[PDB]
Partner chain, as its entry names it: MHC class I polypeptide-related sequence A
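Coming up is one lone chain in C-alpha cells, specifically the form solved without its partner chain.
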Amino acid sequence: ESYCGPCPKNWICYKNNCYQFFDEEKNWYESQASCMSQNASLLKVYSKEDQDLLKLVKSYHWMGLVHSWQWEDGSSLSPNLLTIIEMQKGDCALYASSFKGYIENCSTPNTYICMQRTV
C-alpha cells in the first residue's frame, strides 16, 4: 500500500512516475516540445519492473530515444530494457509493447507519451 506522486491531476500515476497519452499525431520534435510545455519529457524507459505498466500499452508512440541510442536527458539506453527493431529509416524510436522500440523517421507524425519523474 502506498501513495503515488506527486503528479498533476490529469496524469496517470504508477510507481511514482506520471504518464500522459497524446492522441494528436506529431513528429518527434513537435512531440518533444509538447511534453516540455507540460514540464515533462517524452517517455524514458529505465526500469522494466518499475515501469511494467508499459506492458499494457498498445499501438505505437514516440518515446524520447534518439540515434548509439540515447535519451533526451543525454543518458544512455541501458541494455536489457528495449528490443530495438528496424522499421523505417530514421533516427527516432516508437515505443510498442512489450518493451520494443521500432525505428522510425523522426519527421513522421505519431501519437506520443509524455512522462514526469518525481525524483
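Residue numbers count along the first chain shown, from 1.
K.L.:
So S68 is built in this one, but is it left out in a third or more of the other compared PDB entries that include its neighbours?
P.N.:
Yes.
K.L.:
Please classify the coordinate gap between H67 and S68 in terms of deposited residues: none, 1 to 3, 4 to 9, or 10 or more.
P.N.:
Per the record, 4 to 9 deposited residues are absent between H67 and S68.
K.L.:
Please compare 90-98 with 71-79 and say which has the higher mean C-alpha temperature factor in the record.
P.N.:
The stretch with the larger mean CA B-factor is 71-79.
K.L.:
Name the higher of the two by mean Cα B-factor in the PDB entry, 55-63 versus 32-40.
P.N.:
Looking at the record's C-alpha B-factors, the answer is 32-40.
K.L.:
Sort the modelled residues of this chain by their C-alpha B factor and say whether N17 lands in the lowest, middle or highest third.
P.N.:
Lowest third, going by the recorded CA B-factors of the chain.
K.L.:
By the record's CA B-factor, is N10 among the lowest, middle or highest third of residues in the chain?
P.N.:
Highest third, going by the recorded CA B-factors of the chain.
We do not show the form deposited with its partner chain bound, though everything after this point is about it.
K.L.:
So, in the entry with it bound, is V45 in contact with its partner chain at a 4.5 angstroms heavy atom limit?
P.N.:
Residue-level check for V45: no, no contact with its partner chain.
K.L.:
Test of understanding: in the entry with it bound, would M63 fall inside 4.5 Å of its partner chain by heavy atoms?
P.N.:
Heavy-atom contact with its partner chain at 4.5 Å: absent for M63.
K.L.:
Give a yes/no on whether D73 approaches its partner chain to within 4.5 Å in the entry with it bound, heavy atoms considered.
P.N.:
Output for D73 is no: heavy atoms all beyond 4.5 Å of its partner chain.
K.L.:
Going through 78-101, which residues have a heavy atom within 4.5 Å of its partner chain in the entry with it bound? Please give them in sequence order.
P.N.:
Contacts from 78-101: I84, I85, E86, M87, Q88, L94, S98, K100.
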